[PDB]
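Taking it in order: structure first as structure tokens, then the write-up.
Note: ideal-geometry Cβ built from the backbone for every residue, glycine included; neighbour counts use all protein chains shown. Each reported figure results from applying straightforward, stated rules to the coordinates on display, with no laboratory input.
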Amino acid sequence: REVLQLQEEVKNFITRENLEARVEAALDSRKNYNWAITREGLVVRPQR
Amino acid sequence: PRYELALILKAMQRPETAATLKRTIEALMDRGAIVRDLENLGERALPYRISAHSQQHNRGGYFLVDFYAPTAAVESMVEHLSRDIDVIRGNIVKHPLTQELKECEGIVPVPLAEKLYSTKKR
Amino acid sequence: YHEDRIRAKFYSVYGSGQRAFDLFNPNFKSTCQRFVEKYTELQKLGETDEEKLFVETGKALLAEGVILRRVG
Amino acid sequence: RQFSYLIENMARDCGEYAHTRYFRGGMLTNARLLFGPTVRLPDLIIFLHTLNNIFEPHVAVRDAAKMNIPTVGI
Amino acid sequence: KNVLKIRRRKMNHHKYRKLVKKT
Amino acid sequence: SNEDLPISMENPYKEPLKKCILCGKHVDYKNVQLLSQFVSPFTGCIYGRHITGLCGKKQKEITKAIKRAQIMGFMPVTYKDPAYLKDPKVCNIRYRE
Amino acid sequence: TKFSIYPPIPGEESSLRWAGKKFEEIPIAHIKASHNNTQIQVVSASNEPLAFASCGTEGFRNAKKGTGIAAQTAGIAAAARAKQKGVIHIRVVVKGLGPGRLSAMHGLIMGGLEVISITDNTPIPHXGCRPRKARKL
Amino acid sequence: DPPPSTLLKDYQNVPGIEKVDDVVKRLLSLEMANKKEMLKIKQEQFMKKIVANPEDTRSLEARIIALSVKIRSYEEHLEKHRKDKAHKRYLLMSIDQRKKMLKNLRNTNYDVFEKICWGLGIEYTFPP
Amino acid sequence: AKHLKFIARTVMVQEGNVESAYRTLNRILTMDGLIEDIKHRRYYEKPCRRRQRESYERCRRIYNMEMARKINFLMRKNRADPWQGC
RNA sequence: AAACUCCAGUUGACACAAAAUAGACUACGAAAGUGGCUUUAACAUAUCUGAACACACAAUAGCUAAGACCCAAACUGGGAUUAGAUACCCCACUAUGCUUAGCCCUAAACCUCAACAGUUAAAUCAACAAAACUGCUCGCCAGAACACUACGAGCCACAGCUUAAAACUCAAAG
Ligand code: FES
Ligand SMILES: [K+]
Ligand SMILES: [Mg+2]
Ligand SMILES: [Mg+2]
Ligand SMILES: [Mg+2]
Ligand SMILES: [Mg+2]
Ligand SMILES: [Mg+2]
Ligand SMILES: [Mg+2]
Ligand SMILES: [Mg+2]
Ligand SMILES: [Mg+2]
Ligand SMILES: [Mg+2]
Ligand SMILES: [Mg+2]
Ligand SMILES: [Mg+2]
Ligand SMILES: [Mg+2]
Ligand SMILES: [Mg+2]
Ligand SMILES: [Mg+2]
Ligand SMILES: [Mg+2]
Ligand SMILES: [Mg+2]
Ligand SMILES: [Mg+2]
């Protein structure tokens with residue numbers, strides 16, 4: 001099952017052919033790893 | 001194995017930032033790497049003043065690069081980053097998602113230690 | 001005892017009701033104890049599962065006029 | 001101290017004795033000196049509380065076994 | 001525990017290291 | 001014999017073990033907003049497990065992540081980032097009074 | 001609004017203005033509270049020396065410099081040389097745990113200067129250089 | 001030394017891995033693994049080559065093979081780290097513990113003692 | 001040096017009350033440990049001596065934290081004698 | 001007091017040195033020992049005990065050779081104290097502490113409590129300390145001092161380490 005899941009993801013990996021395209025797309029999006037927590041153990045992601 | 005390259009580029013325009021990313025990713029493939037993704041964390045202000053290549057930086061762009069590569073390719077890649085002037089700071093760490101977290105049951109209370117001293121009348 | 005599992009769940013689902021215990025009175029029956037008698041009596045019928053048997057017990061008390069306010 | 005009054009009354013009603021106060025050293029082992037040489041010590045001691053106020057055995061439990069007096073205790 | 005048995009050995013070693021330096 | 005005798009059984013009323021706020025969650029060195037919740041607003045000093053309230057296994061993860069983010073250029077050392085000063089307080093420490 | 005003990009951040013605009021000036025434009029009073037002396041130096045936001053005073057420059061010598069009287073006397077002399085240049089509000093920056101750590105701050109108030117903030121810049125190394133050996137006195 | 005293209009011990013057995021992408025076969029090989037995955041394969045070869053029942057690993061024979069693969073690992077680590085005194089003690093103890101295994105094996109089953117000495121290239125030397 | 005200035009160990013004065021601010025500042029440094037750390041860093045504390053002090057400070061905390069737990073547990077019996085006279 | 005006064009303070013640039021908080025945690029390693037970050041390699045044995053005929057390690061100090069040098073610092077010098085002060089206090093600076101390549105192989109190297117297995121009952125138990133015991137094995141000790149010494153032997157050790165006595169003396173030592 002792990003091999004099958006891996007065989008699907010490999011399609012999305014960057015390659016020398018699509019390297020330039022992926023770079024431009026990355027410069028347009030943003031990934032946010034920031035999130036706080038309360039005393040009740042509840043995640044609070046920022047509204048941005 | 002699977003690694004993650006925390007890259008801090010210099011505050012540059014889009015044309016120059018794309019040439020550095022491509023220049024940096026082509027170096028990984030030349031060393032036997034298999035790039036997987038390119039995440040952008042956005043341009044922010046550095047927590048402290050960083051000095052690199054005779055330049056005092058106050059801002060930089062944060063980018064992540066998840067990839068697969070052999071163990072011998074890490075040390076050869078750490079040298080390449082040092083030479084690149086556009087890169088303020090770059091470090092490689094083992095990807096945090098390849099470290100399974102053992103399930104936790106809860107906090108176990110610890111009772112006070114007993115029988116530390118003889119039960120004699122001092 | 002076997003009925004301690006029942007009491008533990010009642011207190012978790014409902015908890016001690018407005019009715020206050022009277023420990024002086026030897027032949028005193030609390031709301032939870034009343035719930036145990038019905039829960040066990042329905043067990044004699046033949047039901048072999050806790051979830052359904054537990055749910056049916058609460059309904060019987062509500063029919064008898066007992067007040068069962070769940071913690072929720 | 002909560003039951004000192006109740007016990008002192010019972011002893012008086014049943015024509016018996018009570019000692020609910022601080023037990024001075026030698027009431028039993030050195031009685032003849034405290035009271036007199038012709039004193040008569042108890043033949044039976046009844047402990048309604050075998051502990052003192054510091055959660056330790058009453059000294060009379062040990063002093064009674066020295067004087068060969070049988071004890072009854074709760 | 002006292003160090004009276006250590007003080008005897010302390011002077012013995014000191015005088016011996018001082019005698020070797022002299023001879 | 002008699003049926004009223006007790007039985008050999010485990011405690012039914014026993015309560016589940018308590019958990020830290022971070023139990024079952026992944027601590028990553030890039031989440032500076034979470035890591036700043038366990039440092040002094042004034043000195044940047046890391047708090048202890050008697051202030052954070054975390055367990056031993058998770059207090060070690062926050063520490064290793066803070067020390068890694070500080071030297072990588074993600075988090076400051078001497079002070080807490082002012083941007084995260086208005087975040088929920090989870091630490092049991094009161095300075096002003 | 002409420003009051004906060006956290007200073008305004010230059011990146012973020014604030015509503016706290018002292019005599020029509022921002023928190024950043026306020027001059028700074030650097031105090032160096034040592035065990036045997038106490039130096040005071042006032043500067044502007046652009047790092048321009050305005051006034052300098054110390055327990056030694058005021059006449060105190062040897063052990064008499066490590067007291068609160070000489071520190072206060074030095075704070076009054078530094079607040080009288082800076083008040084002639086148009087200084088009213090200052091930001092204090094103490095460095096050291098010497099005797100004249102607080103007494104020097106009083107002399108600044110007794111010279112017509114108002115303290116809006118207090119900053120501690122005491123140098124603590126994270127390890128650093130090995131200090132001198134412990135004394136037997 | 002197993003080639004780098006060799007698949008991992010776990011993934012070689014699963015069905016359907018014969019026909020997959022080349023990139024997926026390069027991620028499941030020894031090239032993208034650490035040093036401890038190549039040693040799991042070196043041990044597998046010796047068992048099939050030498051031991052009658054590869055599946056049984058608690059037998060005295062397998063323990064010798066498992067330990068002889070560790071000894072070779074320490075010699076490759078000491079050829080680059082000469083001043084690592086810790087791993088130099090694990091080597092000298094592992095060589096002494098294998099000799100104690102070969103002694104008990106030569107005393108019980110001499111037929112297999114010759115097979116292991118030949119397969120692994122070991123020469124039992126009587127102590128002085 | 002490389003960090004921003006006037007953001008660390010900085011306290012603002014309320015209504016020109018310098019004393020109350022200084023007490024607050026001196027209380028933040030004390031709770032964080034800087035004050036004591038600065039006093040021990042005046043002279044070099046050798047490892048052997050620093051290991052003797054940490055062990056001393058840790059055994060004192062235990063004792064001081066258990067006695068206080070017993071004082072707050074017995075403070076309930078500080079009331080008047082209910083059986084006055086027996 | 002001397003010293004310094006091409007000194008001090010603010011700001012900026014700026015390490016072959018040392019590694020706040022976390023740590024009120026008690027983990028790793030045979031011990032020594034190990035508490036900044038990342039990566040690579042990696043932490044013996046499916047019964048135990050077992051080498052003072054061997055092998056491999058072993059804090060600090062120190063020797064040899066070549067480098068580095070912020071700070072600290074034996075030695076030395078100066079100032080002061082003192083009856084004197086070859087010390088305690090102050091200043092300055094050197095070997096040295098660091099790196100690389102070799103040697104040296106010691107410690108209150110002490111948690112002064114050996115390894116494996118097992119027990120909590122009986123006489124629990126001189127005292128103190130960190131409760132009292134069983135089985136098995138190895139190592140070690142037999143009054144004090146002479147003696148961490150002499151001779152002999154071994155060692156990259158040459159004012160050294162290891163092993164280690166005797167004569168005379170005492171009726172105590174502990
Ligand atoms: S309690 Fe489960 S992780 Fe802290
Ligand atoms: K010791
Ligand atoms: Mg003593
Ligand atoms: Mg002598
Ligand atoms: Mg052995
Ligand atoms: Mg030995
Ligand atoms: Mg050594
Ligand atoms: Mg050296
Ligand atoms: Mg110096
Ligand atoms: Mg002199
Ligand atoms: Mg030098
Ligand atoms: Mg040294
Ligand atoms: Mg030691
Ligand atoms: Mg010993
Ligand atoms: Mg042994
Ligand atoms: Mg003798
Ligand atoms: Mg010696
Ligand atoms: Mg000798
Ligand atoms: Mg000789």
- Report, ordered by chain and residue number, the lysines lying within cross-link reach of G:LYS64, taken as a straight Cα distance under 23 Å and ignoring same-chain residues fewer than 8 apart. G:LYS32, G:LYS95, I:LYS39
- Message: Testing the spin-label approximation: label points 7 Å from Cα along Cα→Cβ at G:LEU16 and G:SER44. State their distance in nm.
- Response: 2.3
- With a cut-off of at most 16 other beta carbons within 10 Å, and DSSP calling the residue loop, which chymotrypsin sites (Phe, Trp or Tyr not before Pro) in chain F qualify? Please list them. F:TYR13, F:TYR95
- For G:104-112, mean number of other protein chain Cβ atoms within 10 Å: 1
- Find the centroid of the Cα atoms in segment H:77-128 and in segment C:19-49, then give the distance between the two in whole Å. 72
- Of the trypsin sites (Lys or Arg not before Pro) in segment G:1-44, which ones lie in a loop per DSSP and count no more than 12 other C-beta atoms within 10 Å? G:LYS2, G:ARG17
- Gyration tensor verdict on chain G (Cα atoms; rounded if a/c is under 1.5, prolate if a/b is larger than b/c, oblate otherwise): oblate
- Message: As a footprinting exposure proxy, order A:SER29, F:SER8 by other Cβ within 10 Å, with the fewest listed first.
- Response: F:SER8, A:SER29
- Task: Eight or more residues apart or on different chains, and alpha-carbon atoms under 29 Å: count the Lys pairs in chain B matching that.
- Result: 4
- Query: If you count the DSSP beta bridges with both ends in the protein assembly as shown, what percent of them are antiparallel, to the nearest 5?
  - Reply: 75
- Counting GluC sites (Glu not before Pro) as exposed when in a DSSP loop with at most 16 other beta carbons within 10 Å, what is the longest stretch of chain I free of them? I:46-86
- For chain H, what is the calculated [θ] at 222 nm in deg cm²/dmol (nearest 500), taking -39500 (n - 2.57) for each run of four or more DSSP H residues and dividing by its residue count? -19000 deg cm²/dmol
- Compute the long axis of helix B:14-30 from its Cα atoms, compare it with the longest principal axis of the Cα atoms of chain B, and write down the angle in degrees, 0 to 90, nearest 10. 70
- Of B:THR119, B:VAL87, B:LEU101, whose Cα points farthest to the positive end of the dipole of chain B (charges on the beta-carbon: +1 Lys, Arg; -1 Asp, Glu; origin at the Cα centre)? B:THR119
- Query: Can you give the mean number of other chain Cβ atoms that lie within 10 Å of the Cβ atoms in peptide A:7-18?
  - Reply: 4
- Just tell me which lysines come within less than 16 Å, Cα to Cα, of H:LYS9; anything on the same chain fewer than 8 places away is out. H:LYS25, H:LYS35, H:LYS36, H:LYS40, H:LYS42, H:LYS48
- Query: Between G:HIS35 and A:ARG30, what FRET efficiency comes out of the Förster formula 1/(1 + (r/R0)^6) with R0 = 51 Å and r the beta carbon distance, rounded to 0.05?
  - Reply: 0.45
- Which of rounded, prolate, oblate describes chain H, given a ≥ b ≥ c as roots of the alpha-carbon gyration tensor eigenvalues and a/c under 1.5 marking rounded, otherwise prolate only if a/b is larger than b/c? oblate
- Query: How far, in degrees from 0 to 90, does helix I:47-74 lean away from the longest principal axis of the Cα atoms of chain I, to the nearest 10?
  - Reply: 40
- Task: State whether chain I is rounded, prolate or oblate according to the following rule on the C-alpha gyration tensor (a ≥ b ≥ c being the square roots of its eigenvalues): a/c under 1.5 gives rounded; otherwise a/b larger than b/c gives prolate, and the remaining case gives oblate.
- Result: oblate
- Message: Counting only trypsin sites (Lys or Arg not before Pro) that sit in a DSSP loop (anything but H, G, I, E, B) with at most 11 other Cβ atoms within 10 Å, what is the longest stretch of chain H containing none of them?
- Response: H:84-128
- On Cα atoms only, tilt of B:72-83 relative to the major axis of chain B in degrees: 60
- Counting other Cβ atoms within 10 Å, which chymotrypsin sites (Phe, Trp or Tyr not before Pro) in segment C:7-71 have at most 12 and lie in a DSSP loop? C:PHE21, C:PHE24, C:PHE28
- Kindly provide the helix-only [θ] at 222 nm of chain I, computed as the sum of -39,500 (n - 2.57) over DSSP H runs of four or more divided by all residues, to the nearest 500 deg cm²/dmol? -19500 deg cm²/dmol
- Task: Set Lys and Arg Cβ to +1 and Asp and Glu Cβ to -1, take the dipole of the protein assembly as shown about its Cα centre, and tell me which of B:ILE34, I:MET75, F:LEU5 lies farthest positive.
- Result: I:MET75
- Could you list D:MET10, I:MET31 in order of exposure, starting from the residue whose Cβ has the fewest other Cβ atoms within 10 Å? D:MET10, I:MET31
- Filtered hits (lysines, Cα-Cα < 16 Å from F:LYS89, offset >= 8 within chain) -> F:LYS80
- Test item: Cα-centred dipole of chain B, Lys/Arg +1 and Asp/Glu -1 on Cβ, debye: 840
- Task: With a Förster radius of 41 Å, plug the Cβ-Cβ distance of H:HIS81 and E:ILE6 into 1/(1 + (r/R0)^6) and report the FRET value to the nearest 0.05.
- Result: 0.45
